[PDB]
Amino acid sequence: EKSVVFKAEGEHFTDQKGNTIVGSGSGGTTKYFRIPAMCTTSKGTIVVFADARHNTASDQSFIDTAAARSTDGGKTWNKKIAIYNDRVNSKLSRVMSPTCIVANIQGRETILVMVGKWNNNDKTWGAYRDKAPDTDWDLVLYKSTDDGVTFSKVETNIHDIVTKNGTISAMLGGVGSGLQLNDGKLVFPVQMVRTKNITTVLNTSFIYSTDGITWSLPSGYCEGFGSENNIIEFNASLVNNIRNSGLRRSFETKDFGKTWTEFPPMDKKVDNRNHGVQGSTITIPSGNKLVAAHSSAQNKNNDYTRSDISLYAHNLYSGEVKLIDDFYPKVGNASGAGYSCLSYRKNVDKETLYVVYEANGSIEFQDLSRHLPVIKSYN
């Protein structure tokens, strides 16, 4: 059913040399975890990434990307650091905010994980709009081809395509999971901070690739809102589902990212109340139809506590929405709360629906597979 993936003030990681990472949690533990991202492989293996915010919950702090791996259905976890920050700034060096994909890349089952990287910036990324792109920023990609046991950097052209665009100060994945399309294409939802001269500070889009090495940006942009977002594939559309204060937003592109229009079955269907929150949106088959499963916070206190992280089903045909399970029916820690990531898989005849989420500085896991008949029937 819950397991603890990463325990606030309860984990000890080691660095590249094998020396302990002394955090600010009791006993020198990692203080806080945020921003979970998960996938399930063809082997049934569960891999969960999260920020290991060793000293504090702040975004502007010393952060590595942790990875937890479970081969027993989420009962127990082997943990390590998958991506280390550059160790320039003991206060501020960070790799953060993962987005992951499990994919068959030219036959090879691969886990991709993409994180933003900063070193000396002491402010949030929206503060740095003078350069194309910001010199402190990068966006790095790591892969595993051994079922999540080891990760290695992927050399990409992502920094170059941002520079060539000329109107982007920084870019980040949409947070949680990206996707592999029916044709094989790899797609990461993205968020971007535009250069100062652009009237809109934030936009949403995606990057795409065939091999995981060479990526492309489409020519268009979607409106940013609170910019964290996921994409689903539905007929010859890509459909996003975007954080926004109040009602979540959803747009579709029928021309592979040149133009976006509102997608009625999801647009303004879930309310996250003041400030908004990241949410996870995926598809689940039901016969030759699809249902969208979505997780985000009800936010009953209308603030940064982001209470009641809940699973919804969206009927992609009728536009009906319903609450499936309030799986974290608790007031969150306003230092950083509310985020989640879903993962659905059918391996042979075994269908699984898993979630990970933020829980008072820890990351928890639940097996939500018992809900699948209810979700699938929502067509």
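Note that residue numbering begins at 1 and tracks the sequence as displayed.
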{"item": "Mean C-alpha B-factor comparison - 227 to 235 and 191 to 199, higher one", "value": "191 to 199"}
{"item": "Stretch with the greater mean C-alpha B-factor as recorded in the entry, comparing 318 to 326 against 28 to 36", "value": "318 to 326"}
{"item": "Residue selected from 84, 221, 142, 118 by maximal Cα B factor", "value": "221"}
{"item": "Peak C-alpha temperature factor (PDB record), options 107, 178, 98, 279", "value": "107"}
{"item": "Entry-reported Cα temperature factor of residue 345, expressed as the chain third it lands in", "value": "middle"}
{"item": "Relative C-alpha B-factor of residue 133, binned into the chain's lowest, middle or highest third", "value": "middle"}
{"item": "Third of the chain's Cα B-factor distribution that residue 362 belongs to, per the entry", "value": "lowest"}
{"item": "Ranked against its chain, the third holding the CA B-factor of residue 64", "value": "lowest"}
{"item": "Record-listed C-alpha B factor of residue 185: chain third", "value": "middle"}
